[PDB]
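Form deposited in one PDB entry, single chain, as structure tokens, below.
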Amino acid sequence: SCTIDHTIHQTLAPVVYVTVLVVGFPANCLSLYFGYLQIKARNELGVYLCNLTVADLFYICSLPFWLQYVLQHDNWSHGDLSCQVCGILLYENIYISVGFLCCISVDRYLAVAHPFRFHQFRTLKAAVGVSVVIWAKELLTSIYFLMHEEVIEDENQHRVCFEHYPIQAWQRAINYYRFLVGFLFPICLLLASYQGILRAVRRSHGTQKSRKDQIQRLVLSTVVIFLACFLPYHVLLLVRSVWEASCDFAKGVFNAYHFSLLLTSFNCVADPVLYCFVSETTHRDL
């Protein structure tokens, strides 16, 4: 019983959604082709790049339904399902991407800091196994989110998709576990791997002065863009979940939470650029 206004939800959303779709479909297709090229020539990263690109495409394919939801005034026309599907691909499909980012970070760390050891952990079979485990986590979370019937009507008859304003009791625990597992473990792993890589490259001898300053720029760029994409969403998520429940409070930070959610969609554009384009190998096949 708290019609929240959503002027912003209907103003900045379409531009972002259309720009993301247009920029990120061909980019991800080309990244998939590059991943094929890598996986052909016995490289362990190719599995991770291909899986990350597939996850990005799965996210991207869900925007058109959300785009039609935004175009229309508060209405969700297609069916009584696919809101429990596109909801998954919009809210809980952003973590397969972070899982594969952490996999790439650990692979790089074991490749550049301990090059003489752990030969059996950098083979194709291990990559397939870990990929299957991550996708099985996706499938178990996906068999979750369906025991709960999540569509409600508005005072002015509309259909909201995957959000309940006075946060429900069953969603607070999901928010807490989501924050911890998805943004305190992956960030620590990323930082603790990239510090090791930077130390190893600065202790080297054969790399000229120029290239160590380059690798540094790439690593800091990757970490910073990841933080700018994800951190505000999780901070506002905690802010809402812990001590921001009363309906008046709820009406207050609707902007903040949806702006953070809108911003977290740039991963699909950032990932192919930072992992498939800024590389001499990618420039040698174009």
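By rigid core we mean the largest C-alpha set that fits within 1.5 Å across both forms. Residue numbers run from 1 along the displayed sequence.
Keep in mind that the form deposited with a partner chain bound is missing from the display, and what follows is about it.
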item: 4.5 Å heavy atom contact, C50 and its partner chain in the deposited complex; value: no
item: Touches its partner chain in the deposited complex: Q38 (any heavy atom, 4.5 Å); value: yes
item: Contact flag, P166 vs its partner chain in the deposited complex, heavy atom cut 4.5 Å; value: no
item: Partner proximity in the deposited complex: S260 to its partner chain, non-hydrogen atom cutoff 4.5 Å; value: no
item: Region of this chain that lies against its partner chain in the deposited complex, out of 182-190, 167-175, 135-143, 112-120 [heavy atom, 4.5 Å]; value: 112-120
item: Interface residue in the deposited complex among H78, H148, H73, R211, criterion: non-hydrogen atom within 4.5 angstroms of its partner chain; value: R211
item: In the deposited complex, the residue from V242, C247, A228, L218 that sits within 4.5 Å of its partner chain by heavy atoms; value: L218
item: Check all three, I8, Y91 and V253, heavy atom within 4.5 Å of its partner chain in the deposited complex; value: no
item: Sole residue of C188, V128, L139, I152 shifting 2 angstroms or more in CA between the shown form and the other one, core aligned; value: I152
